[PDB]
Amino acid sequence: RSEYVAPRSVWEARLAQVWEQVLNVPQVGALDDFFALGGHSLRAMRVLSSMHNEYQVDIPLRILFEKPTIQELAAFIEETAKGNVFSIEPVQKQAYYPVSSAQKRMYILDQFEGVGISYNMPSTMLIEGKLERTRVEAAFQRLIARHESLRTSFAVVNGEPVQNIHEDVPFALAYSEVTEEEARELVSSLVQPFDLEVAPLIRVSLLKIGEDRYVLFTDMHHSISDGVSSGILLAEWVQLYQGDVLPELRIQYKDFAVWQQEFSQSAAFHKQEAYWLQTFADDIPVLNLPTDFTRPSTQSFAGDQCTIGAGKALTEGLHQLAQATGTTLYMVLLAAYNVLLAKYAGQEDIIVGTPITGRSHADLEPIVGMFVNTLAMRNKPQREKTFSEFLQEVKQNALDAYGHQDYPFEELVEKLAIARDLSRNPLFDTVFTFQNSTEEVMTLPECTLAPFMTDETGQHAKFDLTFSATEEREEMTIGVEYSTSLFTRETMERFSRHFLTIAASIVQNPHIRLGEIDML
């Protein structure tokens, strides 16, 4: 046995799963060698067959011999377009391009459902320093030229929303001089709907609030961006303002969108789908959290947030527990979150929404566009299970989920029919996320950048609650954004403390049985 390294990519996960089945060996990791694990020619051919059947990827036998470890063979698949239906390559020029599944839903909701400013992505930044307004504008103009998503409009062609990519588009920086307090009210009123027929779907206001003090207001439509894209846009704006040259983009959003449409007709897509249909084939559980107030008959989006630090000692213990069990910190926390919900809800079958970046290939990482996907993660925190074995179930289901991530959540919801309810969300009523901090000031040559308004969107709650773990450098912090119509601050602060008690207990003794975990 090689040292265990847990799968780090979608292809490492997919391959490892296949090797485990074919070889009948558990816990195959990135450094494991097929032939060291006991495979020979017969079972190598079975691995090739299995990857063809499950993923429509044709791996020559010669390559398995040449690249006998999970990490090498995964790298080969990532770098190979031939006989790989998952490969995203530059597409032939066309008058219009299909929208992605996520774009299609946003378009339809925006146009037929009347979704106001719900798909806006506003941000504000306090800039203290010299700052040249014309250079601000010029950097955005370059960004718009660079990123096709910022030159994309939408039209309906043959009954489908489609992407209309524009050569060049008009853009001007909106400049104003206001009081700081006036800026605070403006920043809210400046959030306004976008006409989806008109590129660019980004707008910028620069507000001079003093001498060397500015607020930069930026907004864009979620159909052409996401959280990761906003980070890219910010970083590249700062670089472009300094006059830096940015690296060329091999692949664009329309390439991904065309691929997704082609992929939808493949045997591989049917297998991606089949996993999810099987997973939710039986009785789909509805989370029964105790609420302080009666659940409204229509969904309420009013939200609030609370945050608490886990402490250095516990954060370190959780890291070591992940290390010790062959899991990620993400998995340990998700596992702990499932037991938290199980105890509050008095249930042993629970679905938690887990957002993923959707950027499962190197080429997708630098693209500005809508990639974020959600996986409905189902687990069964039964009282008799040890946390250790439950955590392994969470790991296994996570890896399986990541291996079948190329099925749009939009398709799953429609394909499963409905057990819907307007007072709650499809498949899951809570979301779990885990992040690694991010800088309060990244700075410019003559300026300093920082937040202006209280940041993020914690006042709006799409789900009953969203549980967020953030590794802040000196500790992991636990954030809960919750529906004001359902929970008091007191209840949610206690909910958070109970998570930390569960976390402490499982670090103390990972083999404790779920029912024996004294949460209080």
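Counting begins at 1, following the sequence as shown.
- Averaged over Cα atoms, the B-factor as recorded in the entry is higher for 421 to 429 than for the other of 421 to 429 and 270 to 278.
- Stretches 488 to 496 and 451 to 459 differ in mean CA B factor, with 451 to 459 having the higher one.
- Per the deposited record, the Cα B-factor of residue 129 falls in the highest third when ranked against the other modelled residues of its chain.
- Looking at the C-alpha B-factors along this chain, the one for residue 152 belongs to the lowest third.
- Per the PDB record, residue ranking by Cα B-factor puts residue 253 in the middle third of the chain.
- Compared with the other modelled residues of the chain, the Cα B-factor recorded for residue 70 ranks in the middle third.
- Sort the chain's modelled residues by C-alpha temperature factor and residue 466 lands in the lowest third, per the entry.
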